[PDB]
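**Q** Pasting an experimental structure with its sequence.
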Amino acid sequence: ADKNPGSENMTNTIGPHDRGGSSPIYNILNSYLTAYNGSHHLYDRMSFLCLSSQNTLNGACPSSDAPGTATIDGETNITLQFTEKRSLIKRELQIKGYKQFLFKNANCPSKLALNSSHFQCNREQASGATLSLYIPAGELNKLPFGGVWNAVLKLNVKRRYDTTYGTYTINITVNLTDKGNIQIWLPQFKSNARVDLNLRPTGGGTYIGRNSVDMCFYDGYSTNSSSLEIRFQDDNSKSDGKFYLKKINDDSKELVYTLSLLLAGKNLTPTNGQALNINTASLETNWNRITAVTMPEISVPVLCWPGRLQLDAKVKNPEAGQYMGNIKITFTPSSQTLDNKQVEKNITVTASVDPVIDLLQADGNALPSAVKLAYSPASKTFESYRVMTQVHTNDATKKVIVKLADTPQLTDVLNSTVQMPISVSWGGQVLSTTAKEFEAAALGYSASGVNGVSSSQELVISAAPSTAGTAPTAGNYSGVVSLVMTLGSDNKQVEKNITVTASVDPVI
Ligand code: NA
């Protein structure tokens, strides 16, 4: 019926619309009645003015009375500022507006500019007016990226400038997704991401390593997504939450490692194949220059969630050599609205275990650092030191090269020129400064027992008077046996220094 003009508050929610397609026309108001009076012609001159002709905050368009009495036919162009909710980035879009006059006894539905003065229809003054506003086709394409874009259009409702009836405040929210561009972004790798665990030996066969991979999760929506679904899975599907690298030259041997995701504030502990569901309300974000996966283009930095994937490994006695595995990362940002697909990223993980070798007693106990040969005044001989040893190595397919660092001698502690030769033998072989080689096949390695532990080999350290048939000169004797053991082609080695002593009392 009749309607008196006044302030109105309205709301429009456009979308969700995807950047992947050109946007259609969106109606905001379609012939909305602003004023009508059937008995009097109070509202025959309704006009709508923006609050500025150039300032775009709440819409820029004519903000003052029209020049003459001549009506301005057509529509009004309004430049209106949109602000993305999370990023605060602004862009100006065009809104189209017009009004139409209502008459009691005739119809003249011409479209007029918002500030156009009145016109008579078949010689009769208008009785009221309606307002129309719309967003033209393609306008959404001007938004640089997905997010929640807000604008607040304000129009003053007036006769001429000195009369004010109120204000129309129209809140427009555009939910703009960009599903084609959701991605896990790794700043260091445009493709082929790789990390090495950087294993290092700490002792006792233990290897420890740690490394990290930076990654940003981007929802093609300015981080407006309420939750993230993130999964780390490793292509060694044996049901259990562990991650393994496999040895490159022997897929029966593995190396365990753990993942830890330091995500924009939150610390998570991914297990193999277990999807993490993370609330975003609490997560920090980051600007990054993430380009488009395919189309459409993203020409300006966007907001994403920054994370660091830390890999840790603490292993005991792994075989030597190169190891490799894969981590598949899948990610699905929450789009409550409709079926939001999964994206992925792969990371090749490698590690390297250094060839190592040690010589232990068969006991598993360390070789002494000092030995004392017992002397017999009756036979005038020294008792030999004998011990069963076993080589412990993490590369049991290699030769073992054994030698002495120098020709050892028992030297009189108080007389440099008085000396007895020390003889050393190992695994049934007399040693010298000239190396001898033991093939790995003849070392009796146990495929069934423990990896890299040799079968027993006898170490024998002996000494005897320099000249056969003669008695050792009385005194105290000392000398060093330096046993050096090397792997083959793996240029690593171990050196066991054994201090050898003996005492020959005087004849009396
Ligand atoms: Na009339």
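**A** That came through, no problem. Numbering: from 1, shown residues only.
**Q** Quickly run through the sheet partners of the helix or strand containing residue 49, with directions.
**A** Residue 49 belongs to strand 47-50 when assigned by DSSP states H and E. Within its sheet, strand 47-50 is paired with strand 147-158 (antiparallel), according to DSSP bridges.
**Q** returning to that earlier point: what's downstream of the strand holding residue 49, the next helix or strand?
**A** Using DSSP H and E, the helix or strand that follows strand 47-50 in sequence is strand 76-84.
**Q** Return the set of buried residues in that next one.
**A** For strand 76-84, a neighbour-count test (16 or more other C-beta atoms under 10 Å) marks 76, 78-84 as buried. (C-beta placed from N, C-alpha, C; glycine too.)
**Q** which helices and strands sit right next to that strand?
**A** Contacts defined by 3 or more C-beta pairs under 8 Å, 6 or more residues apart in numbering; DSSP states H and E place strand 76-84 against strand 90-102, strand 147-158.
**Q** what's the angle between the last one and strand 90-102?
**A** The reference is to strand 147-158. Relative orientation of strand 147-158 versus strand 90-102 (axes from the mean of the first three to the mean of the last three C-alpha atoms, to 10 degrees): 40 degrees.
**Q** Beyond strand 147-158, next helix or strand please.
**A** strand 164-177.
**Q** Put the alpha carbons of that next one into PDB.
**A** Extracted in PDB, the C-alpha atoms of strand 164-177 (Å, rounded to 0.1, in the frame of the first residue of the first chain):
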ATOM      1  CA  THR A 164      16.900  13.800   3.800                       C
ATOM      2  CA  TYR A 165      14.700  10.800   4.400                       C
ATOM      3  CA  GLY A 166      17.300   8.400   5.500                       C
ATOM      4  CA  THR A 167      19.900   6.000   4.200                       C
ATOM      5  CA  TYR A 168      20.000   2.600   2.600                       C
ATOM      6  CA  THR A 169      22.900   0.500   3.900                       C
ATOM      7  CA  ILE A 170      23.300  -2.700   1.900                       C
ATOM      8  CA  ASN A 171      25.900  -5.200   3.100                       C
ATOM      9  CA  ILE A 172      27.200  -7.400   0.200                       C
ATOM     10  CA  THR A 173      29.400 -10.400   0.900                       C
ATOM     11  CA  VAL A 174      30.900 -12.300  -1.900                       C
ATOM     12  CA  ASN A 175      32.000 -15.800  -1.100                       C
ATOM     13  CA  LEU A 176      34.600 -16.400  -3.900                       C
ATOM     14  CA  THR A 177      36.300 -19.800  -3.900                       C
END
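**Q** Pull out the buried positions in it.
**A** So strand 164-177, judged by 16+ other C-beta under 10 Å, has buried residues 165, 167-168, 170, 172-177.
**Q** now do stretch 481-491
**A** Quick answer for stretch 481-491 (16+ other C-beta under 10 Å): 481, 483-488, 490.
**Q** how about JSON lines for the residues you listed, with secondary structure added?
**A** Output for those, formatted as JSON lines (DSSP: H, G, I helix; E, B strand; the rest coil):
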{"residue": "481", "secondary structure": "strand"}
{"residue": "483", "secondary structure": "strand"}
{"residue": "484", "secondary structure": "strand"}
{"residue": "485", "secondary structure": "strand"}
{"residue": "486", "secondary structure": "strand"}
{"residue": "487", "secondary structure": "coil"}
{"residue": "488", "secondary structure": "coil"}
{"residue": "490", "secondary structure": "coil"}
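**Q** Those residues into JSON lines, with extra columns for distance to residue 257?
**A** Shown next, in JSON lines, are those (distance: C-beta to C-beta, whole Å):
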{"residue": "481", "distance to residue 257": "41"}
{"residue": "483", "distance to residue 257": "36"}
{"residue": "484", "distance to residue 257": "34"}
{"residue": "485", "distance to residue 257": "31"}
{"residue": "486", "distance to residue 257": "31"}
{"residue": "487", "distance to residue 257": "26"}
{"residue": "488", "distance to residue 257": "30"}
{"residue": "490", "distance to residue 257": "24"}
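**Q** any idea how this structure splits into domains?
**A** 1-177, 178-356, 357-508 (curated CATH domains).
**Q** Do me a favour and get the end-to-end distance for the first one?
**A** I take that to be domain 1-177. 42 Å (C-alpha to C-alpha, to the nearest Å).
**Q** Show residues contacting stretch 435-446.
**A** Stretch 435-446 has contacts (C-beta atoms under 8 Å, 6 or more residues apart in numbering) with 391, 396-403, 427, 429, 452-455, 457, 486, 488.
**Q** distance between that stretch and the chain's centre?
**A** Taking C-alpha atoms, centre = their mean, to the nearest Å, the mean C-alpha location of stretch 435-446 is offset from the chain mean by 46 Å.
**Q** in it, what counts as buried?
**A** 438, 440, 443, 445.
**Q** repeat for stretch 421-433
**A** Those would be 422-424, 426-427, 431, for stretch 421-433 by 16+ other C-beta under 10 Å.
**Q** can you check stretch 265-276 too?
**A** Neighbour-count burial for stretch 265-276 flags 266, 270, 272, 276 (criterion: 16+ other C-beta under 10 Å).
**Q** Stretch 152-162 now?
**A** 152-159.
**Q** Can you tell me which of the residues you listed is closest to residue 133?
**A** When the buried residues of stretch 152-162 are compared for distance to residue 133 (C-beta to C-beta), residue 153 wins out at 7.4 Å.
**Q** So that closest one is in contact with residue 80, correct?
**A** Yes. Assessed by C-beta atoms under 8 Å, residue 153 is found in contact with residue 80 at 5.8 Å.
**Q** Pull up the overlap in contacts between these two.
**A** 58-59, 95.
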